[PDB]
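Reading through the structure tokens given below for one structure.
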Amino acid sequence: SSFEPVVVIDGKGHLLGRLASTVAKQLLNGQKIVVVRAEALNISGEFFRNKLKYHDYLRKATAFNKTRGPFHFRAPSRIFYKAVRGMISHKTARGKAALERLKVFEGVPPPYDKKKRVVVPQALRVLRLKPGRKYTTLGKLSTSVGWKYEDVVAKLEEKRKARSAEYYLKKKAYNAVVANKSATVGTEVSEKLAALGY
Amino acid sequence: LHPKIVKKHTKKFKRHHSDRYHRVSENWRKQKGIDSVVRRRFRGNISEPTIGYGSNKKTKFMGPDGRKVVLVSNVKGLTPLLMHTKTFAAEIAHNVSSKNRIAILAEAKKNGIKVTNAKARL
Amino acid sequence: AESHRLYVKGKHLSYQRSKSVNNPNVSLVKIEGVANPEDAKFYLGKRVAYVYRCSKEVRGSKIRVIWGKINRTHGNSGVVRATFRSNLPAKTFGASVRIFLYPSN
Amino acid sequence: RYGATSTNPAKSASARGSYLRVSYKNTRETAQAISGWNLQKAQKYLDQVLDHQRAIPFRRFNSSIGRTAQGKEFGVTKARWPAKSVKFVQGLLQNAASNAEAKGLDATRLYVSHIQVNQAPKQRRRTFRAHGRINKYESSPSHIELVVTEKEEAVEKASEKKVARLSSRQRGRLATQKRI
Amino acid sequence: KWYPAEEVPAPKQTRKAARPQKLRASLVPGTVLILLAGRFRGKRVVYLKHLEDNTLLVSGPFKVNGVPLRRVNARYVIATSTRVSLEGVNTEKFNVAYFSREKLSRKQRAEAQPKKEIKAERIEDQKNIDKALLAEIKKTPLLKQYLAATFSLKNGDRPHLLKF
RNA sequence: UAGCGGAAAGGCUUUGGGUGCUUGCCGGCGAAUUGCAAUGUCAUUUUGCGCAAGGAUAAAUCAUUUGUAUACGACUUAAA
RNA sequence: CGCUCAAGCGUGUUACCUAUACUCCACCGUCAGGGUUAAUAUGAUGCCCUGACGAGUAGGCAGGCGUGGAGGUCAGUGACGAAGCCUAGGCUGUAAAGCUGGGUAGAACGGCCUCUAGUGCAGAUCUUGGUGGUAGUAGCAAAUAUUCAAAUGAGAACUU
RNA sequence: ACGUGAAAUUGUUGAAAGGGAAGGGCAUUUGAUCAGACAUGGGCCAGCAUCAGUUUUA
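Residue numbers (the authors' numbering), protein chains in the order written: chain AO, 2 to 199; chain Be, 5 to 126; chain Bf, 2 to 106; chain AP, 3 to 182; chain AE, 6 to 117, 124 to 175.
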């Protein structure tokens, strides 16, 4: 409940319509975003099903000249992008004005990684869905229908992690200290007061 | 303390399809149609003139000054408006000659009567 | 030292409207960290001013302002009805607006 | 007389040509290619059009005209080499140049300022179609005019000022900032 | 025919009394205030006396933070919890006629020079009140620093929750 | 001075020098009159105007020509 | 669009959104019920007070706006510029319309009380006259065939 | 191709907009332009206080 220059969200564990249901509302309020790791958005239902609710969208197109018919994007990123540019009156400046505020990637590109991202509770397969159901992991899906990179965006989403481990550890030592000492040092009187000042 | 004027509806009542076709002028004329939507009053269409739009009886026929205008063609026509400066303003006609305007404007300014036009060509 | 802010940040959302028809005389305003009606009642009868810049200099400055105020609450999520001296452009949907702290208690 | 001009009348020359029997549509395309050019530049260009090196770009009246490689100069596909339209326009320039020589104006700085070509009264003439039907077969003549001017520098400059205005509290802001 | 009479409105005998103001309970002489609007915005100050044009006589010692003896409107100010005793201060001579002024015909400009035209009465009367309050203020610790600094909202501070 | 970073790396730490301020704790001068509020103007883009330092010194079309191409454009070749 | 301890199905309990409807106030018109020149300037057709109501094709009645002529009247306006025409100037009327600034132009024309009619147009495959898009497009292809120099001329695929 | 010389319809110059038409109604903003009593001796736009009429929220 506060305004910022930008807001980076980390999909994964997140459903879809319920996430997309928010990501949108915001925009209509001069906000911004930039979802990531889209290749990890969950969807209610048993894998199979879904793929059907697809093989049907894929069999819908102009009759006298495809080309100009419904363009069925395969790559995830764009998917979690469709479930949105449909929740908005995207045929009026205002609409556009909203989509320009957005951006979605499958994986984690530079202009971020070095930034903290967040989640959106009211929408995390673990706070919703009951235990014992079945959910499809986008990506995996996409694959079986196009998208030839579910092995590349995976060979990378590593060259990263591995490191983030380092940045860490280094961010404990320094802290496992800046706290150690704040132990003796004037940790007196000035606290017997600030400890109350609070 | 004179009542402040409120005009209700300042926008001009144009005739239907005045801009569409050239031959249809902008002078108002009532639609006598059966398919017509202007007669039946549909949402998102032009308004029609009605008695409810009429101005207040306290301030009718008054301009921004708060004065009812009278048309004058000569100096003898100024004699109704001698003791009625606050209520009645004047206006000189288009057909009057250039030198005769100076005759009217001279004796008009003596008694303190405000003329809407004049100005006076120059 | 750094901050010199004597107002609360907010956003102009939309006009008062139905499914189809709308009314531009009343505006709806969002406020930072106000999630209830009970909390939003603090900000009733407080002056609000929209700010915007221009190229031409009108009166020794390139900044113009439309004054207004808050009237009443709207719904069960701290959204607020707001009137202005003159109504807002409509392009201002999702734009910053300043809620001041005067007519105080 | 003469259309909406906006130039110095003392440093100018002109020449008309009323009731000329040439195409009104073609003469418009020749008169727009020449417009805004230096006078000596133009007379060489119109000679190159007659000999098929350069070409006249047909911009407005150009339905079902074929493409050509010479149009790449201006950035338009369609273009033509109207002979009869050029010979009348080429004649009026040599008249307008000699008019400037009478006044005593410099030829090197002389450039076409204004040029125009509106319609004339049509000459009427008939044909014979099938099943005994009579149609028209009219001409579309032209009313040509042009103006040439001594080109010079330093045209604005211009113009407005301010006579400023501000309040007491707005005036008071300037008082402190001059001190600091 | 008609041509209305140039007689006049001479209006009905009205019934609206001029009863005195009932001020809110937060404002009591001695209370520290935060100025919201005006030139000295967000500047901490001291309340002294209630004047008879529904305004507040306010000092906030000139030697501490550079705010003079000045009128203030009650609706454009916050009342904080802290107070100081005013038993060694006069504030009797000050009234509405003390702040009277000749608004100047009119006039402007070239450099409408202006560092001039302050009364020696106003400068000396500022010194007497500031000397009495500074003796009172030096009793409690960290009050002199509190009045010096300005008020400004931070990221996280929600006005509807705060006490002031 | 060092190195790291190719996924859209255009950014991150880092040795050292020099130069201000320092509210860690006490001092001494200044602010008024914008007159009881009036966003009270402190951002960030492009841009072409003249300055005054540093730097480099071309191509494409048309016309001509060709047939691996060709309705007309286009395409493919040649030519100091 | 998307939704799966729902954003589904059955049932309960609260808040909240919102119509030209309902309540209250401003102004307009219509209709009814009253009061008043008892010298007491200006319209007794006046000047005030109180209460209710307002959708509407075919249809009926009422009150007004404009056009061409006729009788009266402002000792009306005008070559120092009448009528007409043009104008992202202005003012009044709910409106039909009227008044007026700037330009163009060069002989007649207005208001108020009445009379009178060949008295108001967007439609009729309407009548007569003028001009568009279409378009520098369709096309100017049947009777076998033209070519080279010289002359005249401003100019020659076409004349001698 | 001759008093006045309207409209359809065209040319030039100037201003504005243009992602499968334009053209309207309600309400603002920006750009242009325009009426209207601060002149005599040398009205327009707001703020606070106490009241009345109608409501809302603890």
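All C-beta atoms in this analysis are idealised placements derived from N, C-alpha and C, irrespective of residue type, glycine included.
Within 10 angstroms of the Cβ of residue i, are there 16 or more other Cβ atoms? Answer buried if so, exposed if not.
{"i": "AE/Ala10", "result": "exposed"}
{"i": "AE/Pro25", "result": "exposed"}
{"i": "AO/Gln32", "result": "buried"}
{"i": "AE/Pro16", "result": "exposed"}
{"i": "AO/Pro132", "result": "exposed"}
{"i": "AP/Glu147", "result": "buried"}
{"i": "Bf/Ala2", "result": "exposed"}
{"i": "AO/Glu159", "result": "exposed"}
{"i": "AO/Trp148", "result": "buried"}
{"i": "AO/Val146", "result": "exposed"}
List, in order along the chain, the chain Bf residues whose C-beta lies closer than 7 Å to that of residue i?
{"i": "AE/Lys165", "result": "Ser4"}
{"i": "AP/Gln172", "result": "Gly61"}
Does DSSP put residue i in a helix, in a strand, or in coil?
{"i": "AO/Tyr55", "result": "helix"}
{"i": "AE/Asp141", "result": "helix"}
{"i": "Be/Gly116", "result": "coil"}
{"i": "Bf/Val66", "result": "strand"}
{"i": "Bf/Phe101", "result": "strand"}
{"i": "AO/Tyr199", "result": "coil"}
{"i": "AP/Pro143", "result": "coil"}
{"i": "Be/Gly56", "result": "helix"}
{"i": "Be/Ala94", "result": "strand"}
{"i": "Bf/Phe85", "result": "strand"}
{"i": "AP/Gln50", "result": "helix"}
{"i": "Be/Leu82", "result": "helix"}
{"i": "AP/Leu22", "result": "strand"}
{"i": "AP/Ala15", "result": "strand"}
{"i": "AE/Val13", "result": "coil"}
If the cut is a Cβ gap below 7 Å, which residues of chain AP does residue i touch?
{"i": "AE/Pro125", "result": "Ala177"}
{"i": "Bf/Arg60", "result": "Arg167, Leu168"}
Listing by chain order, which chain Be residues have their CB less than 9 Å from the CB of residue i?
{"i": "AE/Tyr8", "result": "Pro84, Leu85, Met87, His88, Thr91, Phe92"}
{"i": "AE/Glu11", "result": "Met87, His88, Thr89, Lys90, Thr91"}
Determine the chain Bf residues that contact residue i at a beta-carbon separation under 8 Å, and present them in chain order.
{"i": "AE/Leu41", "result": "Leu7, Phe101, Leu102, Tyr103, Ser105"}
{"i": "AO/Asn30", "result": "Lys12, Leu14, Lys31, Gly95"}
{"i": "AO/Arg95", "result": "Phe94"}
Please list, in chain order, the chain AE residues whose beta carbon lies closer than 8 Å to that of residue i.
{"i": "Bf/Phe94", "result": "What Bf/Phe94 touches in chain AE: nothing, since even the nearest Cβ is about 25 Å away."}
{"i": "Bf/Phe43", "result": "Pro170, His171"}
{"i": "Be/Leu5", "result": "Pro14, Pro16"}
Could you work out which residues of chain Be lie near residue i, taking near to mean beta carbons separated by less than 8 Å?
{"i": "AE/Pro25", "result": "Here the premise fails: no neighbours, minimum Cβ distance about 29 Å."}
How would you list, in chain order, the residues of chain AO whose beta-carbon sits under 7 Å from the beta-carbon of residue i?
{"i": "Bf/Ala36", "result": "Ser2"}
Can you list the residues of chain Bf that residue i reaches, using a CB-CB cut of under 9 Å?
{"i": "AE/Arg75", "result": "Here the premise fails: no neighbours, minimum Cβ distance about 17 Å."}
Contact the stretch 124-141 of chain AP vs the stretch 81-92 of chain AP: 3+ CB pairs below 8 Å: no
With a cut-off of 8 Å, do at least 3 Cβ pairs link the stretch 26-46 of chain Bf to the stretch 9-17 of chain Bf? yes
Mind pulling the alpha helix (DSSP H) runs of 4 or more residues that sit fully within the stretch 111-152 of chain AO? 111-114, 141-144
Would you call the stretch 50-66 of chain AP and the stretch 25-40 of chain AP touching, i.e. three or more CB-CB distances under 8 Å? yes
For the stretch 103-121 of chain Be against the stretch 68-79 of chain Be, are there 3 or more C-beta pairs whose distance is under 8 Å? yes
Contact between the stretch 82-91 of chain Be and the stretch 44-60 of chain Be (3+ Cβ pairs under 8 Å): no
Go through the stretch 91-169 of chain AP residue by residue and report every complete run of the beta strand (DSSP E) that reaches 3 residues or more, in order. 112-121, 144-152
Evaluate the contact criterion for the stretch 10-25 of chain AP versus the stretch 94-109 of chain AP: three or more CB pairs, one atom per stretch, below 8 Å. yes
Segments assigned beta strand (DSSP E), at least 3 residues, entirely inside the stretch 27-84 of chain AE: 36-40, 48-55, 61-63, 75-77
Does the stretch 60-71 of chain Be come close enough to the stretch 31-45 of chain Be to have 3 or more Cβ pairs within less than 8 Å? no
I want to know whether the stretch 150-164 of chain AE touches the stretch 94-111 of chain AE - three or more CB-CB distances under 8 Å. no
Between the stretch 98-114 of chain AO and the stretch 24-38 of chain AO, can you find at least three pairs of beta-carbon atoms closer than 8 Å? yes
Of all the beta strand (DSSP E) runs that stay within the bounds of the stretch 15-82 of chain AO, which reach a length of 3 or more residues? 43-45
When the Cβ atoms of the stretch 178-192 of chain AO are set against those of the stretch 44-54 of chain Be, are three or more pairs found closer than 8 Å? no
Whether or not the stretch 126-141 of chain AE and the stretch 64-75 of chain AE are in contact is what I'm after, with contact meaning three or more pairs of Cβ atoms, one per stretch, closer than 8 Å; do they touch? yes
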